[PDB]
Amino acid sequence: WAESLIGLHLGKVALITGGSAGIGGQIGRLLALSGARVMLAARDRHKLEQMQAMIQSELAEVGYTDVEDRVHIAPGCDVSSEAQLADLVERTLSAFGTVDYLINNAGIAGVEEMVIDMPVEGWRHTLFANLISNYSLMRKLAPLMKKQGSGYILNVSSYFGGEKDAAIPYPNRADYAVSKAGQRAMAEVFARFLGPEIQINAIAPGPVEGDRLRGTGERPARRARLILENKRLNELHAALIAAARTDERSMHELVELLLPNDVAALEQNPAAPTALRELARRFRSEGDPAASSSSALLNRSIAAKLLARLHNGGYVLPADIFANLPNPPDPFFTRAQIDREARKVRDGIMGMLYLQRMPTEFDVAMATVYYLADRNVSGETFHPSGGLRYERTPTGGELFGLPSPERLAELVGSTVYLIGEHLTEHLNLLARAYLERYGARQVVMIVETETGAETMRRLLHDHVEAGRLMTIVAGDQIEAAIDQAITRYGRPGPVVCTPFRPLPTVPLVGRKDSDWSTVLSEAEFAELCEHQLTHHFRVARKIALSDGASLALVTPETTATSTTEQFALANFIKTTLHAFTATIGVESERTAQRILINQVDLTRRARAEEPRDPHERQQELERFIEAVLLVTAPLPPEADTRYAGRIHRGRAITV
């Protein structure tokens, strides 16, 4: 079976992260059999030593000599650590000299929570491990590739990273999905800079058959119980948030209704809000009578996670409010309920597959090693396995109008939050539109610095003097700044989130004979992700937890005079953020959250599409206001049908 392989990559040097197991281990194995010298990087020394021994033994069987010189390992390499990535490259160049193939394969599953349960530091960790590490190793190895005249960078992405002009929602996996999309977007935007010497592509396999204790989650008991526990969390949280919106009682007083932990008692309480009574009826109806979740509202773990949501949304509750909660007797969910959910998850994944069979890690690696021989592709995403039924979200519509007068009527008297700093003209125009045209009660302007605050206060002095425009300085503490806005000015209706910072103007590749010292650094790439991705994630997480009505995520602006590097970085951000917007849109829809989250893009693909004179610029800015109103005007009560609700969440439109 190896005859087609031997010789295919003779003379090449390959570095494979995550190379001791999974797809990466098989890619390393087959590259070695094809004649490449390989360096396998991973954390655990023992697994690496086992994989190295297996590959070396196989090489000797087919006739290679001195096999210890053909397969090396780099243990203790956690790709989320920049220092360990630097050491990995030093070790690889010491062993083999210049690297020909960089196989960016390592990937972690990530936080595996909904955005509103996702710690900010966990999000950042996923980005460092799965995305920033890919840039870091490219930045270290591409100079030598260019100097020798050839090289290859392959980012191992996922079907769930989306495709060129469509996002694929991956609920409960937003950090992972964003990291996978960024891997593809990196190949898409760097290809023109890295050519002609260097190819850069992504692979995006679908679910792969593998070790059922590891993997990054695409392939198929405790997870089923966790699904049922987070369903109970979502239903309780949505009903409490909704009740608090239209009831005079505080959130504290509403949570006190749950403390007897008695489903029937809550349903039968004539003074309980209708949303909580109807929820209790559903628990009793939809529940297994042998499960204590049909008669008890909560257990202690759900209660703690619910309390965290409420605190993180700025609701005031004592930390010991659930300390005396009656503990429901086992089982909270029955074995039958758990096995039913488990079969549902498994059958759902298998039902995606047109070919009705799961590919193996060996199969996917074999297709990948053949693909690596192709010298005429760059900026592409190859699907070594595929044929999947799954929901997708097309991006990049440009033809749109204003929202309906019915939706615009919902803005009268509203509290609007605007977040930004450097897009001062856009912020001024938006504040004036909401206040002067659509009857908003007031606008809270949340900026990064005092200098940004004073600039906006001067631009909006008339509304500042009239008490209609308030300004808050957030720095790097956007969540605390939103809490100040909630306490002092009230919870937001519409929210618009623009980036604090502009895009950098440094080179993206170096000249063949340069040291690359001015090229975008590993730290600067991490800073780019912080200001243009993590910024929006933090705001979306906080605003959803705080019961905002709508949220527009706005990408950086490209213009007719943006540098070619700014266009590349802007389109990288636009594609990668689409994965976030699509995923959180579906998350919110499926868990009965009312918030509408969408994306408004100030970035275009090509300079020739941009406005060229003051008239066209006026047209563009009017389009921006129309786009933001189209996604932030709330749906009136007789409109938020199942059908309309899916339309108005998770979308991206291009100004």
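One rule holds for the numbers: they count along the sequence shown, beginning at 1. So that the term is clear: the rigid core is the largest set of C-alpha atoms that superpose within 1.5 Å between two forms.
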item	value
Larger mean CA deviation from the shown form in 6 other deposited structures of this protein [core fit; 285-293 vs 190-198]	285-293
Core-fitted comparison in 6 other deposited structures of this protein, 591-599 vs 26-34, farther C-alphas	591-599
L310: gap in at least one third of other compared structures	no
Test item: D513 lacks coordinates in at least a third of other entries	no
Gap size between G76 and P75, counted in deposited residues that the entry leaves unmodelled	none
43-51 versus 30-38 - which carries the larger mean C-alpha B factor in the record	43-51
Higher-B stretch (mean Cα B-factor, as the entry records it), 11-19 or 640-648	640-648
Out of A466, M445, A167, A526, residue topping the C-alpha B-factor column of the entry	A466
Out of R437, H531, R192, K305, highest CA B-factor residue	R437
Ranked C-alpha temperature factor of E610 among modelled chain residues, by third	middle
Chain-relative CA temperature factor third for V628	lowest
Third of chain Cα B-factors occupied by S588	middle
Chain thirds of CA B-factor: placement of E112	lowest
Where the record places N261 (Cα B-factor, split into thirds across the chain)	middle
